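One letter stands for each residue in the lines below.
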Amino acid sequence: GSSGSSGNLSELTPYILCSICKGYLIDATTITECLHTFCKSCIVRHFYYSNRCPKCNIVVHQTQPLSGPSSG
Ligand SMILES: [Zn+2]
Ligand SMILES: [Zn+2]
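Basis of the calculations
- Each chain has its residues counted from 1 in the order its sequence is written, and this count may differ from the entry's own numbering; any residue lacking coordinates is left out.
- As they are written, the chains are lettered A onward and the ligands numbered 1 onward, keeping that order.
- Hydrogens and water are ignored here; the side-chain numbers use all heavy atoms of the structure.
- Metal sites are built from N, O and S donor atoms within 2.8 Å, or 3.2 Å for Na, K and Ca, and they leave out water, so they may look incomplete.
- For a four-donor site, all angles between 85 and 135 degrees give tetrahedral; for four or six donors, opposite pairs above 155 degrees with the remaining angles between 65 and 115 give square planar or octahedral; all remaining cases count as irregular.
- Only DSSP runs of H or I covering at least 4 residues are called helices, and only runs of E covering at least 2 are called strands; the numbering of each starts at the N terminus.
- Buried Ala, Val, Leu, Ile, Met, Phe, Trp, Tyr and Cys residues that are joined via side-chain atoms within 4.5 Å together make up what is termed a nonpolar core.
- Type-normalised accessible area, obtained with a 1.4 Å probe on protein chains alone, sets the label of each residue: buried when under 20%, exposed when over 50%, and partly exposed for intermediate values.
- Throughout, a residue-residue contact means that at least one pair of heavy atoms, one from each residue, lies within 4.5 Å.
- Each C-beta atom gives one direction from the helix axis, and the arc is the one those directions make.
- UniProt positions are given in the numbering used here, feature names are shortened, and annotations may be inferred rather than shown by experiment.
- Only protein atoms enter the calculation, which uses a 1 Å grid: trapped sets of points that fit a 1.4 Å probe without letting it out are cavities, open sets showing protein on both sides within 12 Å along at least five of seven lines are pockets, and any residue with an atom within 4 Å of a point is a lining residue.
- Grid points are joined across faces, edges and corners, and a volume is the space filled by probe spheres set on the points.
- Each residue is assigned to one class: nonpolar for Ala, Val, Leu, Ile, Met, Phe, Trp, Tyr, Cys and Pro, charged for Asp, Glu, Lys and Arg, and polar for all the others, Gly among them.

Looking at the method field of the entry, one finds solution NMR.

In the annotation of the PDB entry, the chain is listed under the name Polycomb group RING finger protein 6 and assigned to Homo sapiens. As recorded in the PDB, the entry bears the title "Solution structure of the RING domain of the human Polycomb group RING finger protein 6".

Right under this line is the structure:
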């Protein structure tokens, strides 16, 4: 199977890219601290293991000052 489709080129801020996904974004959740762009799942996932920013490495104490147990 091919299932191959693509062909899009534009000129805009190269920041759109994700420091994690290293590609396109989905939710486009911007931080209110360092003002960085990170996919909801990305920033949310990174906050699960590390309460810091995978960009500047800052302990963003916005979501919650508590780590919390392993309750799904
Ligand atoms: Zn991402
Ligand atoms: Zn940051």
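Let us keep going from here.
A.B. asks: Tell me what's going on with the coordination of the zinc ion (ligand 1), and back it up with residues and numbers.
C.D. replies: Surrounding the zinc ion (ligand 1) are the protein donor atoms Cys 18 (SG), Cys 21 (SG), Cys 39 (SG) and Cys 42 (SG), which sit 2.3 to 2.4 Å from the metal. Geometry at the zinc ion (ligand 1) is tetrahedral, judged from its 4 donor atoms and the angles of 87 to 119° they form at the metal. All donors of the zinc ion (ligand 1) come from a single chain, and their spacing in sequence reads C-x2-C-x17-C-x2-C. With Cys 18 in the segment before β1 (29-30) and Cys 39 in the loop between β2 (37-38) and α1 (40-49), this residue pair connects regions lying 21 residues apart in the sequence.

A.B. asks: I'd love a proper account of the nonpolar core, names of residues and values included.
C.D. replies: Of all hydrophobic cores here, the largest spans 10 residues; its members are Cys 18, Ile 31, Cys 34, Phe 38, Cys 39, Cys 42, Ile 43, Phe 47, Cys 53 and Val 60. Considering every element that reaches this core, the biggest residue donor is α1, with 3 residues. Beyond its immediate stretch of four places on either side in the chain, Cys 53 contacts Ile 31, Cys 34, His 36, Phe 38, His 46, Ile 58 and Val 60.

A.B. asks: Any details on α1? Residues and values, ideally.
C.D. replies: Of the positions making up α1, those classed as buried are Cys 42, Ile 43, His 46 and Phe 47. Viewed along the axis of α1, the buried residues span an arc of 125°, placing them on a single side of the element. Exposed residues on α1 whose side chains face more than 90 degrees from its buried face are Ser 41, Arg 45, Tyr 48 and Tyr 49. Against β1 and β2 lie the buried residues of α1.

A.B. asks: Got a sec to walk through the coordination of the zinc ion (ligand 2)? Specific residues and values, please.
C.D. replies: At the metal site, the zinc ion (ligand 2) is ligated by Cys 34 (SG), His 36 (ND1), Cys 53 (SG) and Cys 56 (SG), and these contacts range over 2.3 Å. With 4 donor atoms in place around the zinc ion (ligand 2) and angles of 87 to 121° between them, the coordination shape is tetrahedral. Each donor residue of the zinc ion (ligand 2) lies on one chain, and together they are spaced C-x1-H-x16-C-x2-C.

A.B. asks: Any chance you could break down the UniProt feature "zinc finger region: RING-type" in the chain for me, citing the residues and the numbers?
C.D. replies: UniProt tags residues 18-57 as "zinc finger region: RING-type". End-to-end, the C-alpha atoms of residues 18-57 are 15 Å apart, and along that stretch the chain is 25% helix and 10% strand.

A.B. asks: Go over the layout of surface pockets, please, and point to the residues and values.
C.D. replies: A volume near 530 Å³ is recorded for the largest pocket. Lining the largest pocket are 23 residues, with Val 44, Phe 47, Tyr 48, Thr 63 and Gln 64 positioned closest to its centre. For the lining of the largest pocket, the elements supplying multiple residues, two or more each, are β1 and α1. Class assignment for the residues of the lining of the largest pocket results in 10 nonpolar, 12 polar and 1 charged. There is about 240 Å³ of room inside the second largest pocket. Lining the second largest pocket, in full, are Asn 8, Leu 9, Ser 10, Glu 11, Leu 12, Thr 13, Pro 14, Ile 16, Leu 17 and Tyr 24.

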